[PDB]
Amino acid sequence: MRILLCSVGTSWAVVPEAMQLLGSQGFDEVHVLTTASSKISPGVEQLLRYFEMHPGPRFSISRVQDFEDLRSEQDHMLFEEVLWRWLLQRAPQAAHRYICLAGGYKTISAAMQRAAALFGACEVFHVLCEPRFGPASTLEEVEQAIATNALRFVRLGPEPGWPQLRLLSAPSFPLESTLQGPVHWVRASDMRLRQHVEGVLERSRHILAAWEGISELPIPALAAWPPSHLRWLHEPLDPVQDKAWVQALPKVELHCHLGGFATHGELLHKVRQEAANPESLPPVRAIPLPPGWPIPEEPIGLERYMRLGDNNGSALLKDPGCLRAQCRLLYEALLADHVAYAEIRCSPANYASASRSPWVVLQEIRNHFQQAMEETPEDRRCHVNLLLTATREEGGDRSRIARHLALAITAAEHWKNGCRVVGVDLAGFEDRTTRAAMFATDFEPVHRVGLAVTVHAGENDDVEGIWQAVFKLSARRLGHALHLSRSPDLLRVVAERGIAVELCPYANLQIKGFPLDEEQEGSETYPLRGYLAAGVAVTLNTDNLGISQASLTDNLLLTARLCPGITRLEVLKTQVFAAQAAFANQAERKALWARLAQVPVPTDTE
Amino acid sequence: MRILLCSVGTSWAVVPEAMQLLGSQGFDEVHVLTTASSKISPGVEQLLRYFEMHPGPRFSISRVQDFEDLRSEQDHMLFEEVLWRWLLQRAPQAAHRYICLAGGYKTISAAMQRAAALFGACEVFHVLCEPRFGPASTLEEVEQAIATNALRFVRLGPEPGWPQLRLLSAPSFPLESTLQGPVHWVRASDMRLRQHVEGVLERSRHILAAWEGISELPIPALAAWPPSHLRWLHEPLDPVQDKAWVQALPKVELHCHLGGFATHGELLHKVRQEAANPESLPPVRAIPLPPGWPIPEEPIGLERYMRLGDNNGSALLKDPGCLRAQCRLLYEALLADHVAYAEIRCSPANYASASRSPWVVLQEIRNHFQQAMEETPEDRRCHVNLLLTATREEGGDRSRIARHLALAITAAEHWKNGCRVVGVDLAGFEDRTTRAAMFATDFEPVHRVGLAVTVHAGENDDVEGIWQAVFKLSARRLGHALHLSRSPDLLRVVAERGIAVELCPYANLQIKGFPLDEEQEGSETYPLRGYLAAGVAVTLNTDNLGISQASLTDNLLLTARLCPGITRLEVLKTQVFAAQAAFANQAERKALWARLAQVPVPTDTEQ
Ligand SMILES: [Zn+2]
Ligand SMILES: [Zn+2]
C-alpha cells in the first residue's frame with residue numbers, strides 16, 4: 001500500500017505531478033483535499049477528468065466545507081482540524097503515507113507538513129515544474145510535462161510522528177461527508193481532535209521539561225505537571241491557602257485507633273444512638289476538653305490525653321450496634337478525608353463479652369469494614385486493613401496480649417482478600433519495666449507466621465526502648481518516636497533499615513508540645529524535617545481522630561506550623577513513605593499506587 | 001522588544017505588509033532572510049529602498065549563499081540550516097519572535113512554521129494582499145495597501161517550542177556572514193545544528209514512548225532508549241551473544257572474599273612473587289581442579305570447594321607483600337570487570353602475626369584499597385568497602401570472632417570517607433549446633449554501633465537458620481539462601497522486609513549442582529527467577545573470584561543457563577537490587593546511582 005495525500009489550490013496540475021513521485025510504480029491510491037472556494041471548481045473538474053483517463057488507483061477530491069478564503073485565523077484553524085481528520089480517515093497508517101506540499105495557500109502547505117510531523121508520514125515532498133509550457137495548466141500540458149521529464153521532486157524526509165499521536169484513528173474523530181457526485185464535501189462537528197493534540201503536546205512538553213530531575217519527584221506521574229506547578233511543589237506549604245489541595249490529596253493512614261474516633265461531639269451521640277441495647281449504655285461522663293482544643297495552651301500529657309477518650313472504647317464498643325456504627329462512621333470519615341489506604345488499630349478482646357468472643361468481635365469489625373469498602377466504587381474506595389493492638393499495662397498481666405497475638409495469627413491466615421489483618425501494634429504503658437525485650441519472646445509466633453509489627457514509643461524519652469523495638473521485636477514501623485536524634489547511631493539505623501516512623505502531629509503537639517509558627521528551627525522543633533533530612537521514611541497520621549479532634553488533612557497542614565518551611569513536596573514524600581511502609585500485599589500496593597498517581601492540580605500557583 | 005522575521009520570494013511586498021501586523025507601533029527589529037537567486041535582487045533593492053524610508057526600526061537583509069533555486073533535497077536542507085542559525089542569531093529570545101511565512105517557496109513557508117514550532121515563537125502569521133492593485137508589487141501600490149487597509153493577517157498562534165531546543169544560542173551554531181553593502185550573505189559551515197536537533201527530537205520521542213512504563217524500568221535513564229532497545233531488554237539473555245553487553249555493564253559486588261581471589265594459576269604466582277619474605281613462602285600445594293572447571297560434571301561440596309583455595313588465604317596473606325599484591329590485584333580485577341561498587345570480605349585476624357596485629361592488617365588492607373581507588377579516575381573508580389568476616393567454628397572457639405567484631409566496631413568509626421568498614425559477615429561452619437541465634441548475644445554491640453550484618457549461610461538445607469538470621473541477628477543480607485521457597489512465610493518475610501539475598505551462580509552450581517540449560521523449570525532450577533517473581537531483592541555475586549574461576553560477568557551470563565528465559569532486564573534489576581542493598585552511605589550511593597545510569601547501548605537489536 002502507498003497512499004498519497006495532496007492539498008490542491010488554484011493549480012490543479014500539482015496532483016498529477018505529485019502522482020509521479022514514485023515513477024512508473026505510482027501510488028495505490030491518492031486522496032486530494034480541497035476547499036469550498038469557487039475559484040478551484042474548474043481545477044476539481046480537471047482533476048476528475050484526469051482521474052478518468054488515468055484509472056487504477058482509488059480517487060478522492062474531498063472538499064472542506066465552509067472554507068472559501070483565508071478570512072482570519074478561524075478559517076485556518078478549521079482547515080487544520082479538518083485536515084487532521086481527513087488524514088486519519090484516508091491514510092490510517094503513517095508507514096505508507098505520502099504528503100505533498102505543493103497545493104493550497106502558504107499556510108495550507110505549512111499545515112500539511114505540520115500534520116505530517118505530528119501524525120507521521122512515509123515521505124513529505126514538494127513538486128516543481130519548469131515554466132516552459134503554454135502558448136502545465138491543461139491536460140495535454142501536464143502529459144507533456146510528465147513525458148518530457150519536467151518535474152522536480154524535493155523530498156523533505158520521512159516523519160516519525162509522535163508516540164501517542166500515531167495511534168489516533170478515524171472513528172475517534174469522524175469526518176462527516178456529504179456526496180455531491182464524485183466529490184466529497186467534508187465537515188467537522190467539533191474541534192475535539194485539535195484540543196486533544198494540543199493537550200498531548202502540552203503534556204509532552206511537561207514530561208520532557210521534567211525529565212531531567214524525575215528521580216527527585218516522589219510520584220513519577222508528577223513529571224507531566226507544568227513547570228510552574230512543579231516549582232509550586234518545592235515552595236513551603238501554606239496551612240491556610242493549601243486547605244483544599246491537602247484535602248483533595250489521596251492520603252495513606254497508618255496510625256489510627258478505632259477506639260478513639262467517636263469520643264465526643266455529635267459523632268459520639270451518633271454512635272451511642274445506634275446501640276443494640278440502649279439500656280446498657282454507660283452514662284455520658286463529663287470530659288471537658290482543654291481550652292483551645294485541638295491546640296491547647298499547654299501540653300496535657302499522655303494520662304489526660306487517654307482520659308479524654310473515656311466516653312468511647314471498651315465502655316461503648318461492647319455493644320454490637322455501637323461497634324458497627326463506630327466502624328461505619330470511621331470509614332465515612334476516611335472517605336471524606338480522601339484516604340486511599342488505611343490501617344485501623346483495634347482491640348477486639350477489649351470489646352468481648354460472655355456471649356461474644358474476641359474472634360466474634362474481630363470478625364464483626366472486619367466484616368463491617370469490608371461491607372463499607374464493597375459499598376464504595378473502586379475509584380474512591382478506601383482500603384482498610386486491620387492491626388491488632390497488644391496493650392502492655394502496669395501490673396504484669398499478659399493474657400489479653402496472648403489473646404490479641406493469637407487472634408492476629410489466626411486472622412492473618414483467615415482473610416486473604418479485602419479487609420485483612422496485617423500486623424500487630426505493641427502499645428500501652430511506657431516504662432523501663434514494659435520495654436520491648438520483655439515481650440520479645442511473645443512475638444516469635446508473630447514473626448513465624450510473617451505478621452508485621454509496629455511499636456509505640458511515644459512518651460518515654462528512652463532511646464533504649466526504640467533500640468529494643470528495632471532489634472528485639474523486629475518492628476517494621478515505630479509509633480511516634482520523637483527522640484531519634486538523641487542517638488545518631490539509632491537514627492542512622494532507622495534510616496538504613498527502612499523502618500518507618502509514624503508521626504502524629506496534632507497528638508504529638510497535644511501530649512508533648514512543640515514550638516509553633518517559629519521562623520527558625522532549633523533544639524525544640526518537631527523532628528519531621530530533620531527526620532526527612534536524615535533519610536527516615538516518615539509518615540503523618542491522626543493517632544486518634546476523636547481525642548485529637550483533627551483529621552489527616554489537619555495534621556498535614558499542622559506540619560506547616562510545626563516545621564518552618566516544610567514544602568508540600570515533602571507532604572507528597574510522606575504520602576509515598578506511608579505507601580511504601582504499608583503492611584499491604586502486591587495487589588493492595590498496586591491499587592494504592594494507582595490512587596496516589598492522581599495528585600490534585602494546584603490552584604493559584606506562581 | 002519585538003523582532004520580526006520574514007521570508008522573501010519573488011514578491012518583496014510581503015515584508016512591508018508584515019511590518020504592519022501590530023499596527024502603528026510596528027516592530028523594533030525587522031530581519032529579512034532570502035535566497036541567492038538572481039530573481040530576488042530587484043526585490044532586495046526594493047526592500048532596501050523601503051528600509052531607507054521609514055527609518056524607524058532596525059533592519060537586516062540576509063541572503064542565503066549556496067542556494068539559488070530549489071533543485072533537490074540538499075538545497076532545502078542547506079536552507080533549513082541557514083534558517084535555524086539565522087533565527088538563533090537574529091532573534092535569540094523566543095518570546096520576541098514574530099515569524100512570517102508569506103514569502104519564499106512553499107517549502108520555505110513550511111520550514112518557517114517548523115522552525116517556529118521547534119525553537120519557539122511569540123507569533124506565526126501569514127499576510128494576504130487584495131488583488132485590487134496594479135494595472136501590490138511596487139512602492140506606491142504597497143503604500144496604498146497599507147493606507148487603505150487591504151491586508152489580512154492570519155496569526156497561526158504562538159509556538160511554545162521544545163524545552164531543550166529553545167535554550168540553544170547563536171554562539172554555539174554561528175553563521176559565516178559576509179557583507180556586500182547593506183546585505184548579509186550568510187552560510188553554514190557544517191550541519192551540526194540539524195544533527196543536534198534530530199538527536200534531541202529522537203531522544204524526546206524515545207522518552208515519550210517509554211513514559212507510560214517508566215515505573216517498570218529499574219534504571220530511569222532507560223526511558224531514553226529507543227523502543228527497539230527496550231523490547232530487546234525484555235528478551236531473554238543470551239550467554240554467548242550478550243557477553244560484551246554484560247561485560248560493559250556497571251556492576252555491584254556484594255559477596256566477594258578477599259582470601260579466595262588468587263588461589264591458583266598466574267594470579268597466585270604473582271601474589272607469591274610479590275612476597276616480602278620469599279624464604280617464608282609455603283610450598284605451592286598440589287590442588288588439582290575438578291574436571292570441567294568452572295563447570296564440574298558433578299557438585300563437589302563445600303569442603304572440597306574450601307580446600308580448592310588452600311594455596312591462598314591465611315597460609316599466604318600473612319606476608320605484607322603478598323597481602324598488598326592480593327589487594328591491588330583484586331582491585332584491578334574489579335576494574336577490568338567494570339564493577340562500580342564492591343564490598344570485600346576479609347578476615348584480618350587470620351592474617352595477623354606476632355608483630356602484625358589484626359588492626360595493623362585491617363589498616364593495611366584498607367589503605368591498599370584506598371590507594372588503588374585514589375589512583376583511578378573518578379569516572380572509572382570502583383568504590384571498595386570492607387566487611388569483616390566473623391567465621392563460626394565447631395568446638396566453640398569464639399576469640400577470633402570477638403576480635404573481628406571488635407575490629408569492625410573500631411574501624412566503623414575510624415574511617416568516614418573513602419574505603420571504610422561497613423558491616424560484618426557471619427560465615428564459617430553452619431550446623432544445627434551453630435545456628436544464628438547462638439550468636440545473637442555476640443552481635444548486640446554490632447547493632448549498637450549501627451554496623452550492618454550479612455549472614456553467610458553455608459552447607460545446609462535448613463530454614464531455621466535463615467529465620468534466626470533474619471529475626472535474631474537482624475541480618476540485612478543473606479548469602480546463599482537457596483531454600484527460601486521451601487518456607488512460604490519466610491519468603492514473604494524476606495520480600496517484605498527488603499532483606500537481600502546474595503546469590504553466587506557459579507559457586508552455587510559448583511557446590512550444590514543446579515541443572516543447566518533445562519527446558520522450562522521445575523523442582524531443581526536455580527531459585528533466582530522464583531525469588532524475583534516473589535518480590536525478593538536478589539543480587540548476583542562471585543563469592544570467590546579464584547576458587548570459582550569466574551568473574552561477575554561470568555556469573556551474570558551463567559544465570560541465563562541456570563534460569564531458562566531470564567531477561568537481561570532482570571539482570572539490570574539485580575544490579576539495582578545490589579545498589580539498594582549495599583551497606584553504603586549517601587555519597588557512595590549517589591555515586592553508584594550515577595554510575596548505574598550509564599547502561600551500555602545494545603548492539604544486536606535487529607532480530
Ligand atoms: Zn497511638
Ligand atoms: Zn562466600
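Proteins come first, then strands; the chains are lettered A, B, ... in the order of their sequence lines, and each starts at number 1.
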#### Entry: Region of B/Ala209 in contact with chain A, defined by heavy-atom distances below 4.5 Å
both
### Summary
Sorted by chain and residue number, the side chain to side chain donor-acceptor pair (under 3.5 Å) partners of B/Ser485 (sequence neighbours excluded) come out as none
### Query
Please walk me through it: do A/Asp75 and B/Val154 pass side-chain contact (heavy atoms from CB on, under 4.5 Å)?
CA-CA 9 Å; A/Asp75 291 331; B/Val154 190; over 6 Å; no
#### Entry: Selection from A/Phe125, A/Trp467, A/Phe471 maximising heavy-atom pairs under 4.5 Å formed with chain B
A/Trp467
### Task
Report yes if the distance between the aromatic ring centroids of A/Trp162 and B/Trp162 is under 6.0 Å, otherwise no.
yes
### Query
Quick one: of A/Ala224, A/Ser487, A/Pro160, A/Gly157, who has the most non-hydrogen atom pairs under 4.5 Å with chain B?
A/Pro160
What pairs of donor and acceptor atoms, side-chain ones from residues 446-454 of chain B against any protein atom, are under 3.5 angstrom apart with sequence neighbours left out?
residue, atom, partner, partner atom, Å
B/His447, NE2, B/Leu473, O, 2.8
B/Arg448, NE, B/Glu444, OE2, 2.7
B/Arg448, NH1, A/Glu464, OE1, 2.7
B/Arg448, NH2, A/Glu464, OE1, 2.9
B/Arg448, NH2, A/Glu464, OE2, 2.6
B/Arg448, NH2, B/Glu444, OE2, 3.3
B/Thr454, OG1, B/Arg477, O, 3.3
B/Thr454, OG1, B/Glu502, OE1, 3.2
B/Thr454, OG1, B/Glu502, OE2, 3.1

### Task
Given salt bridge (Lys or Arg N to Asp or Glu O under 4.0 Å), test B/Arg203 with A/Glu212 step by step and report yes or no.
CA-CA 12 Å; B/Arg203 185 164 188 278; A/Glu212 305 275 296; 3.7 Å; yes
### A/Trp211 side chain near B/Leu208 side chain, heavy-atom distance below 4.5 Å
no
### Task
Walk me through it: do B/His76 and A/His126 pass the test side-chain contact (heavy atoms from CB on, under 4.5 Å)?
CA-CA 11 Å; B/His76 185 259; A/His126 178 32; over 6 Å; no
### Query
Which bit of B/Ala102 comes within less than 4.5 Å of chain A, counting heavy atoms only: side chain, backbone, both or neither?
backbone
### Query
How close do B/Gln586 and A/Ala533 get, heavy atom to heavy atom, and via which atoms?
NE2-O, 4.2 Å
### Query
Between B/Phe583 and chain A, which part of the residue has a heavy atom less than 4.5 Å away: side chain, backbone, both or neither?
neither
### Contact leader toward chain A among B/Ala223, B/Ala221, B/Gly535, B/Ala117, where contacts are heavy-atom pairs under 4.5 Å
B/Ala223
### Task
Answer yes or no: does atom CZ of A/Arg71 have more than 12 heavy-atom neighbours from other residues, nucleotides or ligands under 6.0 Å?
yes
### Message
Under 4.5 Å from any heavy atom of chain A, what part of B/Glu80 do you find: side chain, backbone, both or neither?
### Response
neither
### Summary
If one checks every heavy atom of B/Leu101 against chain A at 4.5 Å, the contacting part turns out to be both
### Under-4.0 Å salt bridge between B/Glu413 and A/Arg492
no
## Note on the structure
d(A/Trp593 CH2, B/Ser215 OG) to nearest 0.5 Å is 8.5 Å
### Query
Who among A/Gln164, A/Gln74, A/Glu202, A/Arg205 has the most heavy-atom pairs with chain B under 4.5 Å?
A/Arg205
### Summary
Looking only at A/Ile207, A/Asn585, A/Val470, A/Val493, the option with the highest number of non-hydrogen pairs under 4.5 Å against chain B is A/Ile207
#### Entry: For A/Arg152 against B/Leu70, the heavy-atom pair lying closest together
NH1-O, 2.8 Å
### Query
What residues, two or more places apart in sequence or in another chain, satisfy side chain to side chain donor-acceptor pair (under 3.5 Å) together with A/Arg486?
A/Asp461
### Task
Would you indicate whether the side-chain heavy atoms of A/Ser474 and B/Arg497 approach each other to under 4.5 Å?
yes
#### Entry: Euclidean distance, B/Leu128 CG relative to A/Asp69 CG, rounded to 0.5 Å
9.0 Å
### Residues of residues 104-114 of chain A with any heavy atom under 4.5 Å of a heavy atom in chain B
A/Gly104, A/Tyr105, A/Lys106, A/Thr107, A/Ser109, A/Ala110, A/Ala111, A/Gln113, A/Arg114
### Query
With a 4.5 angstrom heavy-atom cut-off, which part of A/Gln580 approaches chain B: side chain, backbone, both or neither?
neither
### Summary
Highest number of heavy-atom pairs under 4.5 Å with chain B among A/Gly498, A/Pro220, A/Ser72, A/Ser204 belongs to A/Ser204
#### Entry: Side chain A/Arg155, main chain B/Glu73, donor-acceptor under 3.5 Å
no
